[PDB]
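Positions of Cβ are generated from backbone atoms using ideal geometry, with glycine treated the same way; all protein chains shown enter the neighbour counts. Rule-based calculations on the coordinates, nothing more; no lab input.
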Amino acid sequence: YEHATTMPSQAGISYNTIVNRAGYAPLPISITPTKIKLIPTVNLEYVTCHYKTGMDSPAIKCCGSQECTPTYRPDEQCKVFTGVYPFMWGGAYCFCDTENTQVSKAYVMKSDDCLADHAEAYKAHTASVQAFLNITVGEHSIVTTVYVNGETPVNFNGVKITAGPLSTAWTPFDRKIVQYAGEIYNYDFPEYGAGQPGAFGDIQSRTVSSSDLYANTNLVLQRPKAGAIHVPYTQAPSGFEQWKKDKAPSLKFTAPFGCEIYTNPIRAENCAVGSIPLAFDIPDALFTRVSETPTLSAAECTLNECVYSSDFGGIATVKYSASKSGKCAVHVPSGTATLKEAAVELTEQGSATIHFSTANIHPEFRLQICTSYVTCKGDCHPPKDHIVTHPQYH
Amino acid sequence: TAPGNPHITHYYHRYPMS
Amino acid sequence: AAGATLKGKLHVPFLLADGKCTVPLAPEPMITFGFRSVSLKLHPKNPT
């Protein structure tokens, strides 16, 4: 017997519902999602880390002339300076007052700390929501990771459980993502080679350990002081440091619909959005017959208290006269009120207590027990308190 | 815990714009 | 020098590696309530 439903995507809210065939008894089903994931598929484009200016040593020629020689290094700039007169400690480097020559070479390479201080650029797409569920079906509790693809079932005890598709395609993740310091930022990073000097992309390596890096820093060589040996370089600072200072705080603290962002197997958990549909094939042996479960007689619901708070601030009571003493399930079909107890013990001529939550000020809800229903009414009161720590169970 | 009893100053705090 | 200067490779020590560092924790804030409102009295030690 197939059964379907629509459970909200929300952790802690223990969903409960009952399968109701005719000749067989109600079967309760209690489903608590503990952790609802959202794992994008990710493609790495490049890593960018701090830079180090590599100043090759000055080639000094005295009474001569040198010509540049390209070693094809990242952002190799190469200039020749005339009218130099250096000083080492020993004294002047040569007598030739003019007609001296100083070849300056400067390039740009990736910092030594880039194995461990690197920002990973990502293109995200095609998230696969993945839910951890705690599922109790006739005292046969199970705990299961399930996928909310169309046909990705999980089969325990002969019970076949299919989930999805989700009623929303939302991701807090966009087409362009950066990962750094265990923290995911939503940044419109450029493509390989479209960097600019001063921001994310001034250095671009494919991997953390690659060979070819694209550099652009506005590396300009300057003239050295009279009586000095140095390659004076002016260039743009690390765009990585500026992405760090001006940070645009992470999606861990700026994602909507209440998402908790996490690291390497990138995921956004407990995103309170959407309703997931389920589909349960239940093998017939889990169904007892109504002739062997207590058929009631002459039920009538009262209402001891009703506070329409967020919690189960409602207590209703049912008088009854059954045929045996045992167990049955209870469910309020409408959204007028939601129950806490998915099953109630029943003596022969007892009076049973049921707990619920509501938002209506004048309730009138139909409540099921073993077979037959009851019309439970009353009047509610407001809560004395107006801030809580848990969400709405209704 | 809106300031009023429906049983007005209620229904203007809770569910405003009305 | 002139010809070919590159003779060998050194290894840089003291590289930036991971671990754990003891960071402070702020004083417990004071939380007053109200209808659709949360009032927070905050008393820090260092900037937070």
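Taking a cut-off of 18 Å between Cα atoms, list the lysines near residue A:37, but don't count ones fewer than 8 places away on the same chain.
Qualifying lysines at Cα under 18 Å: A:252.
Looking at chain A as a GNM with Cα springs under 10 Å, which of A:90, A:350, A:378 has the largest mean-square fluctuation?
Highest fluctuation among the options: A:90.
Please give the average number of partner chain Cβ atoms lying within 10 Å of the Cβ of each residue in A:115-124, rounded to a whole number. Each step should come with its number before you reach the end.
Working: counts 3, 4, 4, 0, 0, 0, 0, 0, 0, 0.
For this peptide, the per-residue mean of nearby foreign Cβ atoms is 1.
What is the mean projected area of the alpha carbon convex hull for the protein assembly as shown, to one decimal in square nanometres?
The number I arrive at for the protein assembly as shown is 34.5 nm².
By its C-alpha gyration tensor, with a ≥ b ≥ c as the square roots of the eigenvalues, how is the stretch A:232-372 shaped: rounded for a/c under 1.5, else prolate for a/b larger than b/c, else oblate?
In terms of gyration-tensor shape, prolate.
Just to confirm a number: summing +1 for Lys and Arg and -1 for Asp and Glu over residues other than residue A:132 whose beta-carbon lies under 15 angstrom from that of residue A:132, what do you get? Mind showing how you got there, number by number?
Values: positive: A:35, A:37, A:267; negative: A:260, A:269.
Value of the local net charge: +1.
Fewest Cβ neighbours within 10 Å first, please rank A:203, A:361 accordingly.
Listed from fewest to most nearby Cβ atoms, that is A:361, A:203.
Would you mind telling me which residue in A:252, A:176, A:52 has the biggest mean-square fluctuation in a Gaussian network model of chain A, where springs connect alpha carbons within a distance under 10 angstrom?
Greatest mean-square fluctuation among the candidates belongs to A:52.
Between residue A:248 and residue A:140, what is the spin-label point distance in nm, taking each point 7 Å from the Cα along the Cα→C-beta axis?
5.1
Given R₀ = 60 Å, FRET efficiency for residue C:2-residue A:359 by Cβ-Cβ distance, to 0.05?
Efficiency, from the Cβ-Cβ distance: 0.10.
Please work out the C-alpha center-to-center distance from chain C to the stretch A:62-87 and express it in whole Å.
43
Relative contact order, percent, of chain A when contacts are C-alpha pairs under 8 Å separated by at least 6 residues?
Details: 989 pairs, mean separation 71.3, N = 394.
Reported relative contact order: 18 percent.
With 10 angstrom as the radius, rank A:55, B:17 by how many other C-beta atoms surround their C-beta, starting from the fewest. If you can, show how the numbers build up before the last one.
Numbers: A:55 15, B:17 4.
With the fewest neighbours first, A:55, B:17 line up as B:17, A:55.
Which value in deg cm²/dmol, rounded to the nearest 500, describes the helix-derived mean residue ellipticity at 222 nm for chain A, given -39,500 (n - 2.57) per DSSP H run of n ≥ 4 and division by the residue count?
-500 deg cm²/dmol
Considering all alpha-carbon pairs of the stretch A:216-306, what whole percent are spaced by more than 23 angstrom?
Every Cα pair in the stretch A:216-306 considered, those over 23 Å come to 72 percent.
For residue A:85, what residues show an amide H to amide H distance below 5 Å, using hydrogens built from the backbone and excluding near sequence neighbours?
Counting only residues 5 or more places away or on other chains, the set is A:227, A:228.
Distance between Cα centroids, the stretch A:133-193 to the stretch A:288-366: provide it in whole Å.
If we compute the Cα centre of each part, the gap is 35 Å.
So for each of A:298-304, C:28-34 I average, over its residues, the number of other beta carbons within 10 Å; can you give me the resulting order with the highest mean first?
Values: A:298-304: 15.1, C:28-34: 9.9.
Ranking, from highest mean packing down: A:298-304, C:28-34.
Check which residues have an amide H placed less than 5 Å from residue A:159's amide H, if you skip close sequence neighbours.
Here nothing satisfies the definition.
Can you check what the Kirkwood hydrodynamic radius comes to for the stretch A:7-141, Cα pairs only, in Å to one decimal?
22.4
Compare A:91, A:201, A:227 in a GNM of chain A, Cα atoms joined below 10 Å, and give the one with the largest fluctuation.
Result for chain A, Cα springs under 10 Å: A:91 fluctuates most.
Could I have the simple spin-label model distance between residue A:123 and residue A:69, label points 7 Å from Cα toward Cβ, reported in nm to one decimal?
Label at residue A:123, label at residue A:69, 4.2 nm between them.
Once the other residues with Cβ under 13 Å from the Cβ of residue A:123 are scored (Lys, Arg +1; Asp, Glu -1), what is the net sum?
Result for the neighbourhood of residue A:123: -3.
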